[PDB]
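Participant: Here it is: the structure, laid out below.
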Amino acid sequence: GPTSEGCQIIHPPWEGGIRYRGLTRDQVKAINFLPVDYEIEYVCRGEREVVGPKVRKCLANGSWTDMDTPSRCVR
């Protein structure tokens with residue numbers, strides 16, 4: 001049968017959001033799984049920046065590369 005290999009949509013932790021790639025807005029609400037090897041960025045709320053290891057590569061399983069990253073909002 002088919003293998004569903006993707007990551008889910010992460011729930012907004014702190015004041016901020018998530019920067020996707022080939023996705024526009026109005027979406028990113030109800031999505032099942034992101035494609036394998038998909039890299040997102042952790043942005044701070046609004047147009048605020050963060051200095052952290054902000055990179056998440058979607059794996060072949062339901063989780064990202066390193067899922068625990070305290071992105072300090074710094075501008």
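Identifiers in this document derive from the order of the structure tokens: chains are assigned A, B, ..., residues are numbered from 1 separately in each chain, and ligands are numbered from 1 in order of occurrence.
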Any chance you could list, as a VMD selection string, the residues in chain A that come up strand (DSSP E) when DSSP is run on the backbone?
Facilitator: chain A and resid 16 to 19 39 to 44 56 to 57
Participant: With N, CA and C atoms kept, could you save the residues just selected as a PDB file, in the first residue's frame?
Facilitator:
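Once everything was written out, this is out_28.pdb:
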ATOM      1  N   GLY A  16       5.171  34.064  17.499  1.00  0.00           N
ATOM      2  CA  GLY A  16       5.875  33.941  16.245  1.00  0.00           C
ATOM      3  C   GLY A  16       5.062  33.202  15.210  1.00  0.00           C
ATOM      4  N   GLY A  17       5.739  32.655  14.220  1.00  0.00           N
ATOM      5  CA  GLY A  17       5.068  31.898  13.187  1.00  0.00           C
ATOM      6  C   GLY A  17       6.033  31.005  12.447  1.00  0.00           C
ATOM      7  N   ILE A  18       5.581  30.395  11.366  1.00  0.00           N
ATOM      8  CA  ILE A  18       6.434  29.501  10.610  1.00  0.00           C
ATOM      9  C   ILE A  18       6.503  29.892   9.146  1.00  0.00           C
ATOM     10  N   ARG A  19       7.725  29.951   8.657  1.00  0.00           N
ATOM     11  CA  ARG A  19       8.010  30.315   7.289  1.00  0.00           C
ATOM     12  C   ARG A  19       8.112  29.063   6.429  1.00  0.00           C
ATOM     13  N   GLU A  39      11.812  22.164   4.216  1.00  0.00           N
ATOM     14  CA  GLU A  39      12.519  22.943   5.216  1.00  0.00           C
ATOM     15  C   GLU A  39      11.806  24.253   5.510  1.00  0.00           C
ATOM     16  N   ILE A  40      11.510  24.459   6.787  1.00  0.00           N
ATOM     17  CA  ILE A  40      10.789  25.640   7.240  1.00  0.00           C
ATOM     18  C   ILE A  40      11.659  26.494   8.155  1.00  0.00           C
ATOM     19  N   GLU A  41      11.204  27.710   8.413  1.00  0.00           N
ATOM     20  CA  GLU A  41      11.925  28.641   9.268  1.00  0.00           C
ATOM     21  C   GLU A  41      11.024  29.134  10.404  1.00  0.00           C
ATOM     22  N   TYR A  42      11.621  29.376  11.565  1.00  0.00           N
ATOM     23  CA  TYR A  42      10.897  29.888  12.724  1.00  0.00           C
ATOM     24  C   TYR A  42      11.062  31.396  12.839  1.00  0.00           C
ATOM     25  N   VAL A  43      10.036  32.135  12.451  1.00  0.00           N
ATOM     26  CA  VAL A  43      10.079  33.588  12.530  1.00  0.00           C
ATOM     27  C   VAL A  43       9.389  34.090  13.794  1.00  0.00           C
ATOM     28  N   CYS A  44       9.748  35.293  14.214  1.00  0.00           N
ATOM     29  CA  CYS A  44       9.157  35.908  15.394  1.00  0.00           C
ATOM     30  C   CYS A  44       7.936  36.697  14.995  1.00  0.00           C
ATOM     31  N   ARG A  56      14.369  23.540   9.730  1.00  0.00           N
ATOM     32  CA  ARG A  56      13.684  22.291  10.018  1.00  0.00           C
ATOM     33  C   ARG A  56      13.447  21.509   8.746  1.00  0.00           C
ATOM     34  N   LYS A  57      14.157  20.403   8.595  1.00  0.00           N
ATOM     35  CA  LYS A  57      13.983  19.550   7.434  1.00  0.00           C
ATOM     36  C   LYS A  57      13.036  18.407   7.771  1.00  0.00           C
TER      37      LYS A  57
END
Participant: For residue 73 of chain A, please output as a compact mmCIF listing (two decimals) with C-alpha atoms, in the first residue's frame all residues within 12 Å (counting only C-alpha atoms; exclusion window: fewer than 2 positions along the same chain).
Facilitator:
# COMPACT_ATOMS: atom_id res chain seq x y z
CA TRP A 14 5.63 31.29 21.44
CA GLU A 15 4.91 34.67 19.83
CA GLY A 16 5.88 33.94 16.25
CA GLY A 17 5.07 31.90 13.19
CA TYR A 42 10.90 29.89 12.72
CA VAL A 43 10.08 33.59 12.53
CA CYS A 44 9.16 35.91 15.39
CA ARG A 45 5.76 37.47 15.74
CA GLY A 46 5.25 40.11 13.07
CA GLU A 47 8.40 41.02 11.20
CA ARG A 48 10.65 40.33 14.16
CA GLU A 49 13.77 38.23 13.65
CA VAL A 50 15.38 35.51 15.75
CA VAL A 51 18.96 34.40 16.23
CA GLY A 52 18.78 30.65 16.49
CA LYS A 54 16.25 28.09 12.61
CA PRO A 70 14.32 28.04 21.58
CA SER A 71 14.34 30.81 18.99
CA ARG A 75 16.09 42.65 16.51
Participant: Can you tell me which residues surround residue 64 of chain A at a distance of at most 12 Å, considering only C-alpha atoms, apart from same-chain residues fewer than 6 positions away, and format the answer as a VMD selection string?
Facilitator: chain A and resid 5 to 10 33 to 41 54 to 58
Participant: Figure out the distance between atom CA of residue 68 of chain A and atom CA of residue 11 of chain A, please, to one decimal in Å.
Facilitator: 12.9 Å
Participant: Using only C-alpha atoms, find the one residue out of A:53, A:61, A:26, A:21 that sits nearest to residue 3 of chain A.
Facilitator: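 Among A:53, A:61, A:26, A:21, it is A:61 that comes nearest to residue 3 of chain A.
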Participant: Measure the distance from atom CA of residue 65 of chain A to atom CA of residue 28 of chain A in Å and round it to one decimal.
Facilitator: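 Between atom CA of residue 65 of chain A and atom CA of residue 28 of chain A the gap works out to 19.7 Å.
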Participant: Report the distance between atom CA of residue 62 of chain A and atom CA of residue 31 of chain A in Å, rounded to one decimal place.
Facilitator: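 A separation of 13.3 Å between them.
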